[PDB]
Amino acid sequence: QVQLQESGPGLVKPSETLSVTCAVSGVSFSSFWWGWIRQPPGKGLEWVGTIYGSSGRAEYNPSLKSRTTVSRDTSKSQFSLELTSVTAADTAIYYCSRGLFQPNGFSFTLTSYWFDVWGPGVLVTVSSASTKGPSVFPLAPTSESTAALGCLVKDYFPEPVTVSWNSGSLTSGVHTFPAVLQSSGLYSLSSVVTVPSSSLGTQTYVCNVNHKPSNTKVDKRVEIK
Amino acid sequence: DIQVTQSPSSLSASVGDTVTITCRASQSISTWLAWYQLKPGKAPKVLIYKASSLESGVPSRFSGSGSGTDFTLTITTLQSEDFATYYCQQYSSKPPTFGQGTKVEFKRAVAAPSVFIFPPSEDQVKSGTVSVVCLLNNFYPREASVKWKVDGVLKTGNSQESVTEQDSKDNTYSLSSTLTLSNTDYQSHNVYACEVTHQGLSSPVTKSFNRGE
């Protein structure tokens, strides 16, 4: 019935303004209250703000009020969020939602909001780092039945990189780890694969690493030294 | 003002189980508590509002109870699609606040990590900056500890860990720990060791190499 779709720039520079918009379909936009909720990587959910579709009256989380503006465009069935002076603490999946509420039993007062429908959300990352393609180094191993090899994919920005093994033909036993942010501001990860030890001196292993934002492609051969 | 604390933060379960998640509010919130289900990369979904009303469409195996400060989400006879992260949320008073979340992950038989250590390639050595990588492959449960010892000296700082999401087929985790050093530093020591602690190992395993072998 109700559909919601967030959109935004995936990357915002520090101290600049983070802008995200939600498109709504399938309902009378003006009849409802609309909210923003965010989830920073590795942290919990945090309500940002809510706005009345009709009047445009908005409510903010006290933690963000000094930096936050929520708006709406009734003709477009959209509402928007602007967060100023952003830092890395503002890196988060930003969700739009509908906020419902009801009379709480006491005079003139209402509950706050629960959220009955949410969009899939959009990741926005705050960083001043400049685009950079990765460096790729072989991770080379043999007296057990299986052996591990891999590729270190280091010092790139922004996410993502894709890693395949032998142009895709090698898929089982592969673990490409979640990238971690270095104090550099650059990402690093390893992709590893376990293979039969007997195959080490006979088969070829190459990791294929693609980083679209820098138009980088590296093929690196991994072999025992 | 009002905070809500969940328990547990992590739950290991298997399909068929009946599981309960508790939510405690820092002060009374009447019945104004909602429960959500979150799966990686998908839209959050509300399960329960007003502490116990089921949202239409949601399976009746979900149920909520409680009032005042203490609340419970119960999933009876868990299905595989129910493995997810659950959040409670009070909406008695502004701002709405959420619990820290309960991740329900798949239980399996204990499996010791297979452990590997990779010295830096000669290409990386020539670059002047090196990375030593320790791999812990396909283990369960998630809880694992890695220590770096260089010539017997515990190295703290200058390493980072990364851990995979639970494997959708075999229910295991894998972990990397990456030690970063100038080549100059690297070259000034001999033995590099990765020492690993895990429930599946009755004694800790140490994988090491001699620089240059």
# chains A, B, ... in the order shown; residues from 1 in each chain; ligands from 1
call {"tool": "interface_residues", "arguments": {"of": "chain B", "to": "chain A", "cutoff": "6 Å", "atoms": "only C-alpha atoms", "output": "number ranges by chain"}}
result
B: 42-44, 46, 91-95, 100, 118, 164
call {"tool": "write_last_selection", "arguments": {"atoms": "C-alpha atoms", "output": "compact mmCIF listing (two decimals), in the first residue's frame"}}
result
# COMPACT_ATOMS: atom_id res chain seq x y z
CA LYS B 42 16.00 -4.23 3.78
CA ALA B 43 13.22 -1.99 5.09
CA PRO B 44 12.63 -2.18 8.82
CA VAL B 46 7.05 -3.09 12.64
CA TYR B 91 6.85 6.29 22.31
CA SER B 92 5.36 7.40 25.61
CA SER B 93 7.36 10.63 25.37
CA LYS B 94 9.44 12.69 22.95
CA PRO B 95 12.00 11.88 21.66
CA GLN B 100 20.14 -1.41 21.42
CA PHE B 118 50.53 -14.67 5.96
CA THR B 164 32.28 -11.92 8.14
call {"tool": "select_by_dssp", "arguments": {"residues": "region 87-196 of chain A", "states": "strand (DSSP E or B)", "output": "PyMOL selection string"}}
result
chain A and resi 92-100+103+110+114-118+122-126+132+135-139+146-157+162-165+170+174-176+180-181+187-196
call {"tool": "select_by_dssp", "arguments": {"residues": "region 80-184 of chain A", "states": "helix (DSSP H, G or I)", "output": "PyMOL selection string"}}
result
chain A and resi 88-90+166-168
call {"tool": "write_last_selection", "arguments": {"atoms": "C-alpha atoms", "output": "mmCIF file, in the first residue's frame"}}
result
data_model
loop_
_atom_site.group_PDB
_atom_site.id
_atom_site.type_symbol
_atom_site.label_atom_id
_atom_site.label_comp_id
_atom_site.auth_asym_id
_atom_site.auth_seq_id
_atom_site.Cartn_x
_atom_site.Cartn_y
_atom_site.Cartn_z
ATOM 1 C CA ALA A 88 31.796 11.114 10.725
ATOM 2 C CA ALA A 89 29.319 10.570 13.582
ATOM 3 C CA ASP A 90 26.641 11.363 10.974
ATOM 4 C CA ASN A 166 40.299 -16.457 -11.509
ATOM 5 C CA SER A 167 37.978 -14.152 -13.464
ATOM 6 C CA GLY A 168 34.991 -15.637 -11.624
#
call {"tool": "residues_around", "arguments": {"residues": "residue 198 (chain B)", "least_positions_apart": "6", "cutoff": "12 Å", "atoms": "only C-alpha atoms", "output": "PyMOL selection string"}}
result
chain B and resi 110-115+136-147+175+204-206
call {"tool": "residues_around", "arguments": {"residues": "residue 216 (chain A)", "least_positions_apart": "5", "cutoff": "7 Å", "atoms": "only C-alpha atoms", "output": "list in words"}}
result
residues 133, 210 and 211 of chain A
call {"tool": "closest_atom_pairs", "arguments": {"of": "region 91-175 of chain B", "to": "region 188-194 of chain B", "cutoff": "10 Å", "atoms": "only C-alpha atoms", "output": "tab-separated table"}}
result
residue	atom	partner	partner_atom	distance
B:115	CA	B:194	CA	8.8
B:116	CA	B:194	CA	8.5
B:117	CA	B:194	CA	7.0
B:118	CA	B:192	CA	9.7
B:119	CA	B:192	CA	8.3
B:132	CA	B:192	CA	8.4
B:133	CA	B:194	CA	8.8
B:134	CA	B:194	CA	6.4
B:135	CA	B:194	CA	9.1
B:146	CA	B:194	CA	6.7
B:147	CA	B:194	CA	5.8
B:148	CA	B:194	CA	4.9
B:149	CA	B:193	CA	5.1
B:150	CA	B:192	CA	4.8
B:151	CA	B:191	CA	5.0
B:152	CA	B:191	CA	7.8
B:153	CA	B:192	CA	9.5
B:154	CA	B:193	CA	9.4
call {"tool": "write_last_selection", "arguments": {"atoms": "N, CA, C and O atoms", "output": "PDB file, in the first residue's frame"}}
result
ATOM      1  N   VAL B 115      43.355 -21.842  11.337  1.00  0.00           N
ATOM      2  CA  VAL B 115      44.152 -20.626  11.523  1.00  0.00           C
ATOM      3  C   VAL B 115      45.333 -20.583  10.565  1.00  0.00           C
ATOM      4  O   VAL B 115      46.050 -21.562  10.426  1.00  0.00           O
ATOM      5  N   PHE B 116      45.523 -19.445   9.905  1.00  0.00           N
ATOM      6  CA  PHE B 116      46.612 -19.260   8.949  1.00  0.00           C
ATOM      7  C   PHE B 116      47.269 -17.913   9.199  1.00  0.00           C
ATOM      8  O   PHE B 116      46.619 -16.973   9.639  1.00  0.00           O
ATOM      9  N   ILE B 117      48.556 -17.813   8.901  1.00  0.00           N
ATOM     10  CA  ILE B 117      49.250 -16.531   9.030  1.00  0.00           C
ATOM     11  C   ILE B 117      49.985 -16.284   7.709  1.00  0.00           C
ATOM     12  O   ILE B 117      50.549 -17.207   7.112  1.00  0.00           O
ATOM     13  N   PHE B 118      49.900 -15.054   7.218  1.00  0.00           N
ATOM     14  CA  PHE B 118      50.532 -14.668   5.962  1.00  0.00           C
ATOM     15  C   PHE B 118      51.557 -13.558   6.201  1.00  0.00           C
ATOM     16  O   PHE B 118      51.196 -12.464   6.625  1.00  0.00           O
ATOM     17  N   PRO B 119      52.835 -13.841   5.924  1.00  0.00           N
ATOM     18  CA  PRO B 119      53.860 -12.790   5.921  1.00  0.00           C
ATOM     19  C   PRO B 119      53.654 -11.834   4.750  1.00  0.00           C
ATOM     20  O   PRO B 119      52.956 -12.171   3.786  1.00  0.00           O
ATOM     21  N   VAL B 132      50.902  -7.773   8.154  1.00  0.00           N
ATOM     22  CA  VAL B 132      50.882  -9.183   8.501  1.00  0.00           C
ATOM     23  C   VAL B 132      49.437  -9.591   8.769  1.00  0.00           C
ATOM     24  O   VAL B 132      48.728  -8.947   9.543  1.00  0.00           O
ATOM     25  N   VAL B 133      48.998 -10.657   8.115  1.00  0.00           N
ATOM     26  CA  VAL B 133      47.595 -11.055   8.210  1.00  0.00           C
ATOM     27  C   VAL B 133      47.407 -12.390   8.899  1.00  0.00           C
ATOM     28  O   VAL B 133      48.055 -13.375   8.548  1.00  0.00           O
ATOM     29  N   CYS B 134      46.527 -12.400   9.895  1.00  0.00           N
ATOM     30  CA  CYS B 134      46.101 -13.630  10.522  1.00  0.00           C
ATOM     31  C   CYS B 134      44.632 -13.951  10.193  1.00  0.00           C
ATOM     32  O   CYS B 134      43.728 -13.132  10.408  1.00  0.00           O
ATOM     33  N   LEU B 135      44.413 -15.152   9.668  1.00  0.00           N
ATOM     34  CA  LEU B 135      43.086 -15.608   9.285  1.00  0.00           C
ATOM     35  C   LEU B 135      42.544 -16.706  10.190  1.00  0.00           C
ATOM     36  O   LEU B 135      43.213 -17.706  10.439  1.00  0.00           O
ATOM     37  N   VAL B 146      42.290 -12.928  19.262  1.00  0.00           N
ATOM     38  CA  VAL B 146      43.571 -12.993  18.570  1.00  0.00           C
ATOM     39  C   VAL B 146      44.597 -12.107  19.256  1.00  0.00           C
ATOM     40  O   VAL B 146      44.318 -10.942  19.514  1.00  0.00           O
ATOM     41  N   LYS B 147      45.778 -12.662  19.544  1.00  0.00           N
ATOM     42  CA  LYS B 147      46.895 -11.878  20.055  1.00  0.00           C
ATOM     43  C   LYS B 147      48.077 -11.910  19.088  1.00  0.00           C
ATOM     44  O   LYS B 147      48.419 -12.969  18.541  1.00  0.00           O
ATOM     45  N   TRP B 148      48.722 -10.764  18.907  1.00  0.00           N
ATOM     46  CA  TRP B 148      49.933 -10.716  18.101  1.00  0.00           C
ATOM     47  C   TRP B 148      51.159 -10.728  19.005  1.00  0.00           C
ATOM     48  O   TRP B 148      51.237  -9.961  19.960  1.00  0.00           O
ATOM     49  N   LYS B 149      52.111 -11.605  18.707  1.00  0.00           N
ATOM     50  CA  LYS B 149      53.374 -11.604  19.429  1.00  0.00           C
ATOM     51  C   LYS B 149      54.523 -11.529  18.443  1.00  0.00           C
ATOM     52  O   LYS B 149      54.634 -12.359  17.551  1.00  0.00           O
ATOM     53  N   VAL B 150      55.368 -10.520  18.612  1.00  0.00           N
ATOM     54  CA  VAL B 150      56.527 -10.336  17.758  1.00  0.00           C
ATOM     55  C   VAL B 150      57.778 -10.500  18.619  1.00  0.00           C
ATOM     56  O   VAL B 150      58.000  -9.733  19.548  1.00  0.00           O
ATOM     57  N   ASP B 151      58.560 -11.541  18.334  1.00  0.00           N
ATOM     58  CA  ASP B 151      59.676 -11.943  19.195  1.00  0.00           C
ATOM     59  C   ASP B 151      59.217 -12.042  20.647  1.00  0.00           C
ATOM     60  O   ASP B 151      59.909 -11.617  21.570  1.00  0.00           O
ATOM     61  N   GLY B 152      58.017 -12.595  20.824  1.00  0.00           N
ATOM     62  CA  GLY B 152      57.485 -12.883  22.137  1.00  0.00           C
ATOM     63  C   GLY B 152      56.842 -11.682  22.796  1.00  0.00           C
ATOM     64  O   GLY B 152      56.313 -11.776  23.899  1.00  0.00           O
ATOM     65  N   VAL B 153      56.866 -10.553  22.110  1.00  0.00           N
ATOM     66  CA  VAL B 153      56.331  -9.337  22.687  1.00  0.00           C
ATOM     67  C   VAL B 153      54.934  -9.059  22.141  1.00  0.00           C
ATOM     68  O   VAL B 153      54.739  -8.936  20.930  1.00  0.00           O
ATOM     69  N   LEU B 154      53.970  -8.981  23.054  1.00  0.00           N
ATOM     70  CA  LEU B 154      52.585  -8.703  22.712  1.00  0.00           C
ATOM     71  C   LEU B 154      52.489  -7.342  22.060  1.00  0.00           C
ATOM     72  O   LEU B 154      52.927  -6.341  22.625  1.00  0.00           O
TER      73      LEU B 154
END
call {"tool": "residues_around", "arguments": {"residues": "region 18-35 of chain A", "least_positions_apart": "3", "cutoff": "8 Å", "atoms": "only C-alpha atoms", "output": "VMD selection string"}}
result
chain A and resid 1 to 9 12 47 to 54 74 76 to 84 86 94 96 to 100
call {"tool": "closest_residue", "arguments": {"among": "B:84, B:125, B:2, B:51", "to": "residue 103 (chain B)", "atoms": "only C-alpha atoms"}}
result
B:84
call {"tool": "residues_around", "arguments": {"residues": "residue 221 (chain A)", "least_positions_apart": "5", "cutoff": "7 Å", "atoms": "only C-alpha atoms", "output": "ChimeraX atom specification"}}
result
/A:138,205-207
call {"tool": "residues_around", "arguments": {"residues": "residue 91 (chain A)", "least_positions_apart": "4", "cutoff": "8 Å", "atoms": "only C-alpha atoms", "output": "NGL selection string"}}
result
:A and (40-41 or 87 or 123-126)
call {"tool": "atom_distance", "arguments": {"atom1": "CA of residue 178 (chain B)", "atom2": "CA of residue 159 (chain A)"}}
result
18.9 Å
call {"tool": "decode", "arguments": {"residues": "region 60-83 of chain B", "atoms": "N, CA and C atoms", "output": "PDB file, in the first residue's frame"}}
result
ATOM      1  N   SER B  60       1.249 -14.829  13.571  1.00  0.00           N
ATOM      2  CA  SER B  60       0.804 -14.866  14.960  1.00  0.00           C
ATOM      3  C   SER B  60       1.815 -15.551  15.877  1.00  0.00           C
ATOM      4  N   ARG B  61       2.909 -16.048  15.312  1.00  0.00           N
ATOM      5  CA  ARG B  61       3.961 -16.591  16.162  1.00  0.00           C
ATOM      6  C   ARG B  61       4.723 -15.457  16.893  1.00  0.00           C
ATOM      7  N   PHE B  62       4.496 -14.211  16.485  1.00  0.00           N
ATOM      8  CA  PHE B  62       5.032 -13.077  17.240  1.00  0.00           C
ATOM      9  C   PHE B  62       3.979 -12.599  18.227  1.00  0.00           C
ATOM     10  N   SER B  63       4.387 -12.293  19.453  1.00  0.00           N
ATOM     11  CA  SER B  63       3.471 -11.733  20.446  1.00  0.00           C
ATOM     12  C   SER B  63       4.263 -10.860  21.413  1.00  0.00           C
ATOM     13  N   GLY B  64       3.621  -9.809  21.914  1.00  0.00           N
ATOM     14  CA  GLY B  64       4.264  -8.875  22.821  1.00  0.00           C
ATOM     15  C   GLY B  64       3.466  -8.784  24.092  1.00  0.00           C
ATOM     16  N   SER B  65       4.142  -8.542  25.209  1.00  0.00           N
ATOM     17  CA  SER B  65       3.432  -8.386  26.473  1.00  0.00           C
ATOM     18  C   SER B  65       4.151  -7.407  27.384  1.00  0.00           C
ATOM     19  N   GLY B  66       3.469  -7.029  28.454  1.00  0.00           N
ATOM     20  CA  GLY B  66       4.070  -6.167  29.442  1.00  0.00           C
ATOM     21  C   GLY B  66       3.426  -4.806  29.476  1.00  0.00           C
ATOM     22  N   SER B  67       3.710  -4.083  30.553  1.00  0.00           N
ATOM     23  CA  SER B  67       3.206  -2.732  30.769  1.00  0.00           C
ATOM     24  C   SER B  67       4.018  -2.074  31.877  1.00  0.00           C
ATOM     25  N   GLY B  68       4.138  -0.756  31.843  1.00  0.00           N
ATOM     26  CA  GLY B  68       4.893  -0.073  32.872  1.00  0.00           C
ATOM     27  C   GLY B  68       6.350   0.046  32.455  1.00  0.00           C
ATOM     28  N   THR B  69       7.212  -0.789  33.033  1.00  0.00           N
ATOM     29  CA  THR B  69       8.635  -0.754  32.695  1.00  0.00           C
ATOM     30  C   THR B  69       9.171  -2.017  32.019  1.00  0.00           C
ATOM     31  N   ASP B  70       8.454  -3.134  32.122  1.00  0.00           N
ATOM     32  CA  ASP B  70       9.016  -4.414  31.675  1.00  0.00           C
ATOM     33  C   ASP B  70       8.188  -5.064  30.579  1.00  0.00           C
ATOM     34  N   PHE B  71       8.841  -5.324  29.454  1.00  0.00           N
ATOM     35  CA  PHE B  71       8.169  -5.779  28.246  1.00  0.00           C
ATOM     36  C   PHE B  71       8.864  -6.979  27.642  1.00  0.00           C
ATOM     37  N   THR B  72       8.098  -7.808  26.942  1.00  0.00           N
ATOM     38  CA  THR B  72       8.627  -9.029  26.334  1.00  0.00           C
ATOM     39  C   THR B  72       8.112  -9.266  24.911  1.00  0.00           C
ATOM     40  N   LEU B  73       9.032  -9.561  23.995  1.00  0.00           N
ATOM     41  CA  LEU B  73       8.682 -10.041  22.663  1.00  0.00           C
ATOM     42  C   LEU B  73       8.901 -11.547  22.637  1.00  0.00           C
ATOM     43  N   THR B  74       7.902 -12.300  22.202  1.00  0.00           N
ATOM     44  CA  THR B  74       8.066 -13.747  22.143  1.00  0.00           C
ATOM     45  C   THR B  74       7.860 -14.232  20.724  1.00  0.00           C
ATOM     46  N   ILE B  75       8.810 -15.009  20.218  1.00  0.00           N
ATOM     47  CA  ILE B  75       8.609 -15.695  18.946  1.00  0.00           C
ATOM     48  C   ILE B  75       8.523 -17.203  19.207  1.00  0.00           C
ATOM     49  N   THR B  76       7.355 -17.789  18.975  1.00  0.00           N
ATOM     50  CA  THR B  76       7.195 -19.203  19.263  1.00  0.00           C
ATOM     51  C   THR B  76       7.404 -20.002  17.992  1.00  0.00           C
ATOM     52  N   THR B  77       8.259 -21.016  18.103  1.00  0.00           N
ATOM     53  CA  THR B  77       8.601 -21.895  16.994  1.00  0.00           C
ATOM     54  C   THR B  77       9.188 -21.085  15.848  1.00  0.00           C
ATOM     55  N   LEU B  78      10.419 -20.632  16.075  1.00  0.00           N
ATOM     56  CA  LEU B  78      11.143 -19.753  15.170  1.00  0.00           C
ATOM     57  C   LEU B  78      11.244 -20.361  13.775  1.00  0.00           C
ATOM     58  N   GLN B  79      11.102 -19.546  12.735  1.00  0.00           N
ATOM     59  CA  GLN B  79      11.390 -20.030  11.389  1.00  0.00           C
ATOM     60  C   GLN B  79      12.680 -19.383  10.877  1.00  0.00           C
ATOM     61  N   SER B  80      13.235 -19.885   9.772  1.00  0.00           N
ATOM     62  CA  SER B  80      14.534 -19.371   9.347  1.00  0.00           C
ATOM     63  C   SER B  80      14.433 -17.895   8.980  1.00  0.00           C
ATOM     64  N   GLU B  81      13.271 -17.472   8.493  1.00  0.00           N
ATOM     65  CA  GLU B  81      13.101 -16.076   8.097  1.00  0.00           C
ATOM     66  C   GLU B  81      13.043 -15.146   9.309  1.00  0.00           C
ATOM     67  N   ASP B  82      12.955 -15.710  10.505  1.00  0.00           N
ATOM     68  CA  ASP B  82      12.843 -14.905  11.717  1.00  0.00           C
ATOM     69  C   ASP B  82      14.192 -14.530  12.300  1.00  0.00           C
ATOM     70  N   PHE B  83      15.253 -15.055  11.710  1.00  0.00           N
ATOM     71  CA  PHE B  83      16.588 -14.730  12.180  1.00  0.00           C
ATOM     72  C   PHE B  83      16.939 -13.360  11.631  1.00  0.00           C
TER      73      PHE B  83
END
